[PDB]
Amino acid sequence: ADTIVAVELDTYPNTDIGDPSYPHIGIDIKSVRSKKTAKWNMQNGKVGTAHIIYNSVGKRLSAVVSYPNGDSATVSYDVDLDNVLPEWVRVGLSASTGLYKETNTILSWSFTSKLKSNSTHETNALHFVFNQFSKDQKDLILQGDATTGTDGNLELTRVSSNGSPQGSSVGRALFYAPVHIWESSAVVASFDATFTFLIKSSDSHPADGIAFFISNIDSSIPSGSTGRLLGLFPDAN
């Protein structure tokens, strides 16, 4: 199966696959069952921001998700990603809905990876930023239900003509280029990612969440990964 490191913004507790019993942010290393979570109060209809930060020095994958009112949830997990990810990866955003639903709208996404040193501050680096997505976003690989619109947004999961989110949707957006996420001579292999998102639901409960993820270059949506699997995993192991 794919190799996945993800930071999940998990709006729906699936307590029989180990979610805590509240909306939460989580760090997922090779399992949907997050290695670490923190409670997260998803603010329906507000634009949120997620920041994901890793470097090979401190070896701590960190994420914060905030809303403009200042509410924030942070999670960090000590992990040497050199030991989990392949050298080359693709980076992406994923989301899903299941029985319950939500819009999984991305307003913006930036990513930076840097491989530094072996020497004077020379470097291999990739940075992209999308503050507006285009209807035909050639540098994004859209998978499953993900679309880009003329509203400048990326709709990770399905939305109806009347703006209403659909169930059992899964969608992703990967940056087109593979990313050299580590390289054993790099003294520092850092990455960081920021996305802004708008999760809205009129469901009794929003679901299922959004994740930023890093995968093998050829990663595709695992079949059956709607709902609690977030477009990321073939199963809940």
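The first residue of the sequence shown is number 1, and the count goes up from there.
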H121 coordinate gap across at least a third of other entries: yes
Mean temperature factor over C-alpha atoms, higher-scoring stretch between 224-232 and 15-23: 15-23
Between the two ranges 171-179 and 31-39, the one averaging a larger CA B factor in the entry: 31-39
Identity of residue with top Cα B-factor, from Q132, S160, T105, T112: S160
Selection from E87, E155, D139, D151 [criterion: highest C-alpha temperature factor in the record]: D151
For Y77, the third of its chain into which the C-alpha B factor falls: middle
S94, C-alpha B-factor rank within chain (lowest, middle or highest third): lowest
Chain-wide C-alpha B factor ranking for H205, given as lowest, middle or highest third: highest
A186 - which third its CA temperature factor falls in, relative to the rest of the chain: highest
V5 - Cα temperature factor, lowest/middle/highest third of chain: middle
